[PDB]
Ligand SMILES: CCC(O)(CC)COc1ccc([Si](C)(C)c2ccc(OC[C@@H](O)CCC(=O)O)c(C(F)(F)F)c2)cc1C(F)(F)F
């Protein structure tokens, strides 16, 4: 439900 | 009457697209092999394909004017809800009407409706998907219209969970006006006829395809045998 891969792909 | 600002937005989105769309499809060699001979045989290959596309969608969305200025939460919400729709839009570049398949370079990477069923999906989704692809290809969009439609699709203020809907609508309205003005000033008739109306209708169709894919995705993902074959990014974006 938290999105570390999507977030780091957004820097 | 395309202003410099509107041309600038187009230039940014064209450059974003060329940075994130590889028309040679060179990286398809790194995916798990497509096996055509539950036996969801194409699920490993297509999961890697979809996962690869999601990476490109994120790279494209990050370069949309204004998108990177939104909060991280809104960026995440917008990408999670639009990714499946943008995937359907961007795959139209590879979609062919010779055979209603996705032609990505070779026979190995030639995808028909049999592969989407061997990924676990019924024709409740495959039939509207092919109709969307055909109707979208018949619009013969300029690359400028294609990248604006993807961008408009991503920055939709009505997505569930958006905090700054007015900021999102601010970005979208600028992309909307840029698209409208591009069609008036750069798209020659008779292709220009009601082009904006037809393009916005495609965003409505994508919502329906989004809903149908999700319900089928949750039923596929509910079986851990299938979820094992997905990628971590797919599970994060599409859900668990
Ligand atoms: C895994 C989720 C699941 O549901 C199974 C649980 C399967 O899902 C699938 C499975 C197959 C397909 Si397809 C119509 C064979 C397709 C064709 C071409 C294509 O790409 C070409 C080019 O555009 C890529 C370059 C780029 O993108 O940079 C893409 C793309 F995904 F890469 F875009 C998809 C769509 C979906 C989905 F429903 F997700 F759309």
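Each position is counted from 1, following the chain as shown.
Looking at the header, which is where the method is noted, we find X-ray crystallography, 2.0 Å.
Including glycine, each Cβ sits where the backbone N, Cα and C put it.
What Swiss-Prot says about this one:
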- B:21, B:53, B:90, B:94, B:121, B:213: calcitriol binding site (BINDING)
- B:62-80: region 'Interaction with coactivator LXXLL motif' (REGION)
- B:232-240: motif '9aaTAD' (MOTIF)
Cα-Cα distance in Å between residue B:37 and residue B:38, where 11 residues go unmodelled: 14
Listed binding-site residues (B:21, B:53, B:90) that sit near chain A [CB under 8 A]: none
Annotated calcitriol contacts B:21, B:53, B:90, B:94, B:121, B:213, maximal Cα-Cα distance (Å, integer): 25
Residue B:94 (calcitriol binding site): tally of other CB atoms within 10 A of its CB: 18
Helix-strand-coil residue split for the motif '9aaTAD' (B:232-240), DSSP-based: 7 helix, 0 strand, 2 coil
